[PDB]
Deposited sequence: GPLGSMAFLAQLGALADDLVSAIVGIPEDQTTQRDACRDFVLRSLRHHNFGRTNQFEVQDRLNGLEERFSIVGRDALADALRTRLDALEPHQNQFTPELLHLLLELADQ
């Protein structure tokens, strides 16, 4: 599945580079894309929810209760849309949170 796996990620690796890194200079773009395919060649749902709970708590402690309510209610709005990929996507956002 490896050759097929890389062929399937090729256009998306390009998107990731184009959306994030910048724009012209062919050289840099082919090196970023090779890096993406090479790097990618399980999430614990209880942990994801615990980290989202701790964020809500932290927002409130620092005087941003509205942000806590936002987070809590978006996660409520997400539940009827829950599938096997939802915890992974939130895990990804937790890893990029700032």
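- Unmodelled segments of the deposited chain, in sequence order: 1 to 3, 28 to 29, 47 to 51, 109.
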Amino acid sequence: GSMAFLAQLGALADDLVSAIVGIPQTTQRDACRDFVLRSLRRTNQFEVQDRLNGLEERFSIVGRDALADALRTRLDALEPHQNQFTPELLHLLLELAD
From here on, numbers count along this sequence of modelled residues.
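- Taking the mean C-alpha B-factor of each stretch as recorded, 47 to 55 and 25 to 33 are not equal, and the higher mean is that of 25 to 33.
- On average the C-alpha atoms of 14 to 22 have higher B-factors than those of the other stretch, with 86 to 94 and 14 to 22 being the two compared.
- In the deposited entry, the Cα temperature factor of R38 sits in the top third of values across the chain's modelled residues.
- In this PDB entry, the Cα temperature factor of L67 sits in the bottom third of its chain's modelled residues, the lowest group.
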